[PDB]
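So this first bit is one chain, no partners, the form deposited in one PDB entry, shown in C-alpha cells.
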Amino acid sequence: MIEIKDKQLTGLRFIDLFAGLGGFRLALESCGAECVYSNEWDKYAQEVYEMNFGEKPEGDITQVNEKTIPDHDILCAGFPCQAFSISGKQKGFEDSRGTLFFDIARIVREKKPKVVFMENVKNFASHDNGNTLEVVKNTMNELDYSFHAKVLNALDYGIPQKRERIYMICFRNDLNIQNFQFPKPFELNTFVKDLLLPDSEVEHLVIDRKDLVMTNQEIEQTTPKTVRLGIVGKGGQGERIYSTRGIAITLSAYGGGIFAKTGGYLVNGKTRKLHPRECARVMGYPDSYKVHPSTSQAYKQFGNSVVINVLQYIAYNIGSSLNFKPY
C-alpha cells in the first residue's frame, strides 16, 4: 500500500460487508475513517480477519435484520462474482449466488448512508447486453442516489498485475456533489521481478515437467504487459508460463492446472508458481499482514480479494468532494 499524509475522512463511519481479508478496511482506515460493523460467513476467512483486526464478523447476511445494523456514513461491498465472470457459466440473477445485490439494496433503504462504494468483475458491465448494469443503475436512482461507474486496470496505478474491474460509487441526492472524478493513470516502474523472494525460501514450489514447449524467448527489457514464454499440457488455464520481466496475470479463487491460482513463471532457470507472500505483494498488501497458516486457503483468499492501491486513490477522491462546502 501507499502512505497517505492528508487524511480526508477523519470523522466518518463505515461498514465492511462481504469482508474477506479486509481489503476495504485497510484502504478506508489509512484515510482516517472508523469501522463499526463487519460481516462474512466463511469459517477460515473469519480466522484471518480476527488475527489482523481483533474482532469476529457476523454471519450470513441473508438472515440479518437490516434494522439492527449501526448508523454509518459509507457502505462498502465487493459482492460475489462467480455468476457474472467470463470464466464461469453465466446464469446471473437466476443463480443462487447471484442475488446478493438485492440485500445491499434492502439495507440501503433503511439506513440511508451518504456513500455506497461497490466492486465487481469487468464482464459485469457487459453481461446480458448491459441489462444487469442498468438494473443496478435504475434501482439506485429509485432509492434517490446518483450513479458513477467505471472499469480501471491495475497496471495503470502502480501494481504489476493485469486485474480489470468495475468500481461503482453513489452519493445521496441532498448533498449535490458535482465534482467527483476517477483517479488519473500513470507510468509503471515496478515489475514482477522486484517483488520475488530469495531462491532458498522456496525450492518446494518448483516444478520440472517434460511438457515444456518453449514458444518464445525471454525478453531483455521490462514492459507493462503479460509476456508468454511456454506451455505445458494443452496450454489451458494453469498450464501457461510467463516472463518475470512483464506483469502478473489475474489471481483466482477456485482455479486449476498444475500452476493453480497464480500461474507459472520462469525464475533463474526454473519454472514455479507464486508463494502466498508474493501473492500479498502483487495485491498491494504490506509485509506486516499475517496470512492464514493453511496455504490452500491463503490462495483462495488472495484470489477473491481487492488491490489496495486503487481503492486508496478512489477513497481519497470521495473525501475531497464531501469536504468542498463553500459559501
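For the two forms, the rigid core is made up of the largest set of C-alpha atoms that agree within 1.5 Å on superposition. A residue's number is simply how far along the shown sequence it sits, counting from 1.
Not on display, but discussed next: the form deposited in another entry.
Enquirer: Tell which of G78, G98, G246, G238, after superposing on the rigid core, has its C-alpha displaced by 2 Å or more between this form and the one not shown, please.
Expert: The displaced C-alpha is that of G98.
Enquirer: Comparing between this form and the one not shown on the rigid core, is the C-alpha shift at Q181 2 Å or larger?
Expert: Superposed on the core, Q181 moves its C-alpha less than 2 Å between this form and the one not shown.
Enquirer: A 3 angstroms or greater change in CA distance between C170 and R97 is reported in the other entry. Closer or farther than in this form?
Expert: Residues converge in the other entry, at least 3 Å closer.
Enquirer: Check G98 against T262 at the C-alpha atoms and report closer or farther in the other entry, compared with the shown form; the change is 3 Å or more.
Expert: Result: farther.
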